[PDB]
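Chain residues, written in single-letter form:
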Amino acid sequence: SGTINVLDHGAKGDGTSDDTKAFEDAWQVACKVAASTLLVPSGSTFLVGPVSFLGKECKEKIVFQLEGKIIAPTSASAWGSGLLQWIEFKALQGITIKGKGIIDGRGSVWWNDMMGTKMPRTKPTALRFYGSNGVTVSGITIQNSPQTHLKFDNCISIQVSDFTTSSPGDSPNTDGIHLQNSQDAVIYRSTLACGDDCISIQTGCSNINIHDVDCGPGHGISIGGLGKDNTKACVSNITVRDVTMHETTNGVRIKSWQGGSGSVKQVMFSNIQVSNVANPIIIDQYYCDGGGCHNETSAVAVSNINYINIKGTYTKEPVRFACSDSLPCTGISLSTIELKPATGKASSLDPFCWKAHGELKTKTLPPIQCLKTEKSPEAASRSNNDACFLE
Ligand SMILES: *[C@@H]1O[C@H](CO)[C@@H](O[C@@H]2O[C@H](CO)[C@@H](O[C@@H]3O[C@H](CO[C@H]4O[C@H](CO)[C@@H](O)[C@H](O[C@H]5O[C@H](CO)[C@@H](O)[C@H](O)[C@@H]5O)[C@@H]4O)[C@@H](O)[C@H](O[C@H]4O[C@H](CO)[C@@H](O)[C@H](O)[C@@H]4O)[C@@H]3O)[C@H](O)[C@H]2NC(C)=O)[C@H](O)[C@H]1NC(C)=O
Ligand SMILES: *[C@@H]1O[C@H](CO)[C@@H](O[C@@H]2O[C@H](CO)[C@@H](O)[C@H](O)[C@H]2NC(C)=O)[C@H](O)[C@H]1NC(C)=O
């Protein structure tokens, strides 16, 4: 009565017939009753193409209970060109996606160039939330995304828990969870196996808390890349605690582009265990993957970044603070860092600091003796206070 099973609205659940129409119809029914649940039942597999579940004409507090499997079409005709997301939830209040079922993007057809006369640089995000207040994602697994697994854009009050991504470590650009223009988020008790950043925090994000997460494979937990194409980025109050990273290319990273502007401030990375991680601790203001590697006079201002209790083994550079000549990093603090080289090659690479100011609160392994204790008039002279933040 209160639970709208998609099979009662025309869905075939055979994996082969297109059930998109049926899902839209079930959504329209669920949208009319509060406390309603749209159930995608266990024991069935549903082929669903691009779809947008709109909240504008819908109700608030809806539950989308995914217990079976939703699979993406592999035919190019299902997608058209320029589509940035497969499944979208837009303008919802209090939406919950829960259950122990699976979203499978069949991403290998995209990674592997089987769509269209031509591969798009940016492929669809599997599950995207836009413009929503009070979003919960729990329980589900997203596997084999065409690109990003889960995205939050312009959302507030987000909770992600008991959540899993699974795409191959060598799949291109398959980041786990991406946030942009989103605030007041908690991501916890989740397992992220990705081909790119496990968690990527982009501009406009603040008050993000990540804890009790396992990453690997993937590229680590990253703020950025910020400021590409001479743009302004603002990120503040990011906490990452109690995370284990296995065979990722970075551990905890902040990356920004030369020519960017704005500010990344008040970041805490604590209780991080790394196992065979290439670059465990990195601030890179020379980031240029996918573009030009020239220098420019503007930078994103990085300040008040704290690293506490980070231990394990590394395979490339243990610590790299590569900050802009035009705007040094400041307020970097390190405590209780115990990193051991996993390979001989790694053992020959010492910490690297460039234009980085801060303090060592304890001795570290390897020793970090390149952080500058003096203040930076250069950093203080660039206006990166009121352009980004009101407090
Ligand atoms: C874009 O812009 C970037 C940033 O400028 C360019 O990349 C930089 O290129 C330069 C030149 O090739 C590199 O410089 C070398 O840096 C090393 C490393 O320095 C660091 O490590 C030292 C310990 O190994 C440490 O002492 C250094 O700190 C001191 O020096 C800095 C620099 O003045 C100073 O700020 C500190 O207070 C310290 O005094 C630093 O942490 C350094 O060893 C090299 O110097 C040796 O060689 C030079 C000349 O060859 C010699 O004169 C010196 O006395 C010394 O013997 C040298 O400075 C730098 O590493 C690059 N930085 C990054 C982040 O990559 C890049 O090329 C530009 N790109 C383009 C396309 O333009
Ligand atoms: C910095 O971010 C943290 C985490 O987002 C904020 O603390 C949370 O604030 C919410 C209110 O929105 C509380 O319900 C949570 O209990 C807080 N979480 C934790 C772990 O404490 C904090 O408010 C932010 N700081 C500022 C000044 O905004």
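Within every chain, numbering proceeds from 1 in written sequence order, not necessarily in step with the numbering of the entry, and residues without coordinates do not appear. Note on labels: chains are lettered from A, ligands numbered from 1, in written order. In computing side-chain properties, one takes all heavy atoms of the structure into account and sets aside hydrogens as well as water.

Method information in the entry identifies X-ray crystallography as the source of the structure, with 1.30 Å recorded as the resolution.

Looking at the PDB entry, one finds the protein chain named Pectin lyase-like superfamily protein and attributed to Arabidopsis thaliana. Each PDB entry has a title, and for this one the record gives "ENDO-POLYGALACTURONASE FROM ARABIDOPSIS THALIANA". UniProt positions are given in the numbering used here, feature names are shortened, and annotations may be inferred rather than shown by experiment. Among the UniProt annotations of the protein chain, the heading Sequence similarities (unreviewed entry) holds the following wording: "Belongs to the glycosyl hydrolase 28 family." The annotation that UniProt attaches to the protein chain under Subcellular location (unreviewed entry) is "Secreted, Cell wall".

Now for the overall build of the protein chain. Scanning the protein chain for helices and strands turns up 4 helices and 30 strands. For the radius of gyration, the atom set is restricted to C-alpha positions; the globular benchmark scales as 2.2 Å times the number of residues to the power 0.38. What you see for the protein chain is a C-alpha radius of gyration of 22 Å, in line with the 21 Å of a compact globule of 391 residues. If you line up the protein chain on its principal axes, its C-alpha atoms span 70 × 45 × 40 Å. Note on exposure labels: buried denotes an accessible area under 20% of the residue type's maximum, exposed denotes more than 50%, and partly exposed covers the range between, all computed with a 1.4 Å probe on protein chains only. With 391 residues in all, the protein chain has 54% of them scored as buried. A sequence separation of at least 24 residues applies to 76% of the contacts in the protein chain between residues at least 6 apart. Shrake-Rupley sampling with a 1.4 Å probe provides the accessible areas, and residues are treated as covered by the protein chains on show and by no other component. By element, 47% of the accessible surface of the protein chain is carried by carbon and sulfur atoms, the whole surface being about 16200 Å². To qualify as a helix, a DSSP run of H or I must reach at least 4 residues; to qualify as a strand, a run of E must reach at least 2; elements of each kind are numbered from the N terminus. Working rule for contacts: check all heavy atoms of both residues, and any pair within 4.5 Å makes them a contact.

Only a pair of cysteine sulfur atoms within 2.5 Å counts as a disulfide in this structure description. With the rule as written, the count across this model stands at 5 disulfides. The residue that forms a disulfide with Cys234 is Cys388, at a sulfur-sulfur distance of 2.1 Å. An S-S torsion of about -75 degrees defines the bridge between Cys234 and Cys388 as left-handed. Remark: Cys388 occurs in the segment after α4 (377-380) and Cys234 occurs in strand β22 (residues 232-246); sequence separation between them is 154 residues. A relative accessible area of 18% places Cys388 in the buried class. Note that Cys353 is cross-linked by a disulfide to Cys370, the S-S spacing being 2.1 Å.

Around ligand 1, the surrounding shell consists of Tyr286, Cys293, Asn295, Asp325, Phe352, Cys353, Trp354 and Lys372. For ligand 1, an oxygen atom lies 2.7 Å from a polar atom in the side chain of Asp325. Considered on its own, ligand 1 offers 1300 Å² of accessible surface; in the complex 31% of this is hidden by protein. Basically, the charged four are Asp, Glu, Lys and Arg, the nonpolar ten are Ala, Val, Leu, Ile, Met, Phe, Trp, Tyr, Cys and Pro, and anything else, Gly included, counts as polar. Considered class by class, the residues forming the shell around ligand 1 number 5 nonpolar, 1 polar and 2 charged. Here a residue is considered near a molecule or strand provided that any single heavy atom belonging to it is located within 4 Å of it. Residues adjacent in sequence count toward polar contacts only when both atoms are side-chain atoms; beyond that, a polar contact is any pair of N or O atoms within 3.5 Å, and within protein one must be able to donate a hydrogen and the other to accept it.

Secondary-structure assignment places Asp196 in the loop between β18 (183-193) and β19 (199-201). At 4.9 Å, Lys255 is the nearest oppositely charged side chain to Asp196, a buried residue that forms no salt bridge. If sequence neighbours within four positions are ignored, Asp196 has contacts with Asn173, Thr174, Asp175, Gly218 and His219. Working convention for charge: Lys and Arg count positive, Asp and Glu count negative, and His plus the chain ends are omitted. For this analysis, a salt bridge means a side-chain nitrogen from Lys or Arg found within 4 Å of a carboxyl oxygen belonging to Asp or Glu.

Further remarks concern the site of ligand 2. Ligand 2 sits among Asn207, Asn209, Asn237 and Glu391. Within the backbone of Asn207, an N or O atom sits 3.3 Å from an oxygen atom of ligand 2. When ligand 2 sits alone it has 580 Å² of accessible area, and the protein chains cover 34% of it. When grouped by side-chain class, the residues that make up the shell around ligand 2 number no nonpolar, 3 polar and 1 charged.

This paragraph deals with the side chain of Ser333. One can find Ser333 in strand β28 (residues 329-341). The contacts of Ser333, once residues within four sequence positions are left out, are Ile305, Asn306, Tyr307, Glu359 and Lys361.

By this definition, two strands are paired if DSSP reports at least two bridges between them. Read across the sheet, 11 strands follow the order β5-β8-β11-β14-β17-β19-β21-β23-β25-β27-β29 without closing on themselves; strand pairing throughout is parallel. The outermost strands of the open sheet, each flanked by one partner alone, are β5 (51-54) and β29 (352-354). Sheet twist, expressed as the average angle between the axes of neighbouring strands with direction ignored, equals 15 degrees. Note that strand β8 (residues 85-90) and strand β11 (residues 125-130) share 5 bridges and pair parallel. The residue of β11 that forms the bridge with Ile87 is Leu127. Helix axes use the C-alpha atoms of the stretch in contact, all axes being lines fitted to C-alpha atoms, and the angles between their N-to-C directions lie in the range 0 to 180 degrees. Running at roughly 5 degrees to β5, helix α1 (residues 20-30) makes contact with β5 and β8 of the sheet.

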